[PDB]
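One chain is shown next in structure tokens, namely the form deposited in one PDB entry.
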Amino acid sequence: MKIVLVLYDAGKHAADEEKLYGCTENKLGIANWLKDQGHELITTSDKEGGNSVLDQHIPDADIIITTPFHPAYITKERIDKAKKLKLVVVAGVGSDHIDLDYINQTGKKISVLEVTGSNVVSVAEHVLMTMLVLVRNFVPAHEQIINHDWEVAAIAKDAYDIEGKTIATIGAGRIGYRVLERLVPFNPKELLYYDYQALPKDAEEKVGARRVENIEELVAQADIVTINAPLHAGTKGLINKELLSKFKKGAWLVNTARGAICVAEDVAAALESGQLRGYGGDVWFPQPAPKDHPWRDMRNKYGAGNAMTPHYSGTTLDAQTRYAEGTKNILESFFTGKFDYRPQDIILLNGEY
């Protein structure tokens, strides 16, 4: 069969690190395995434009493998033209780039799978790291050092411990719950969550969490807020000027979920005015972020409070190993005709939710 694999070109970086599997040069580490299994692998980063390599191969591709770190948009037109398509895989987690609704509506027997669970620890670590970085005022401190300065009071005047703070998560699913688990031994004042379903009782008690019924009440009492929820109509633009005005004055806010959950200029204005002491995360809208995106240059009144990174938390080398292995497992389940997929990996099974 013909498999089309769309990843970014890592360039010189791929030669520097053989465990950077999720790039066109290293091919998820499965190129030989695919060849030994008797299949033809087309690998490309060229995914935009009518004559892109991706579109040249869509008409007879049996399988397409994608990644949220360089997403091939599986659009209505591409689905129409993909006359042999049986399987779409996300080598990772996140299917925003696939028109799942259209696949479902067509009736076509296309399965869509992702490697569920493979990103969650990585993002949860990034959240807790960003919380510590912001609360403890690390960015300007390191900046002093590499600028050949030394002025402890300039850092200490806005540096706190995470101990004793009220910490709230919007969403307590796989990532959010793992964030709460990592926070327990830091002795927060309290861990709180809002979600559309309760944590099971034993899971709630394990982290000492208290559920809050509505988002305004949650943020109003939180020193630190973290967004760990899916993007949908209830969360798109949720973090806007009106809601930000209900946060505690000087709160710290982290978002590793989706950039569009925030209104970008409203977050920036809240950091400049002191409604927030700090903002960080690795998700942006639009993404990749333009050079002028307001979250690049925004700072608090002391010139700090910014712990943004590019979107990379879920593409550490340990996550990439999980993605590559999980992709191989999905592909084996398909090639053998067993279809013994892990239930949690299935997005669509032969077109059906």
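Take the two forms, superpose them, and find the largest set of C-alpha atoms that agree within 1.5 Å; that set is the rigid core. The numbering used is simple: start at 1 and walk along the sequence shown.
Unshown form deposited with a small molecule bound; subsequent notes refer to it.
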Pick from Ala229, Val135, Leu191, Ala264: which has a non-hydrogen atom within 4.5 Å of the small molecule in the deposited bound form?
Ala229
Considering non-hydrogen atoms and a 4.5 Å limit, which listed residue (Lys328, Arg299, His39, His311) is close to the small molecule in the deposited bound form?
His311
Quick one: in the deposited bound form, does every one of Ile167, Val219 and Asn306 get a heavy atom within 4.5 Å of the small molecule?
no
Residue-level question: is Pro200 within 4.5 Å of the small molecule in the deposited bound form, judged on heavy atoms?
no
Please check if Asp158 has a heavy atom lying within 4.5 Å of any heavy atom of the small molecule in the deposited bound form.
no
Any non-hydrogen atom of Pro185 within 4.5 angstroms of the small molecule in the deposited bound form
no
Mark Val283 yes when one of its heavy atoms lies within 4.5 Å of a heavy atom of the small molecule in the deposited bound form, and no otherwise.
yes
In terms of non-hydrogen atoms within 4.5 angstroms, which of the given stretches 103-111, 244-252, 89-97, 272-280 touches the small molecule in the deposited bound form?
89-97
From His148, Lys249, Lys157, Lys83, residue displaced between this form and the one not shown - CA threshold 2 Å or more, rigid core
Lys83
Determine whether the C-alpha of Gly49 shifts by 2 Å or more between this form and the one not shown once the rigid core is superposed.
yes
Core-superposed comparison between this form and the one not shown, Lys236 Cα displacement 2 Å or beyond:
no
Once you overlay the rigid core, does the Cα of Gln105 travel 2 Å or further between this form and the one not shown?
yes
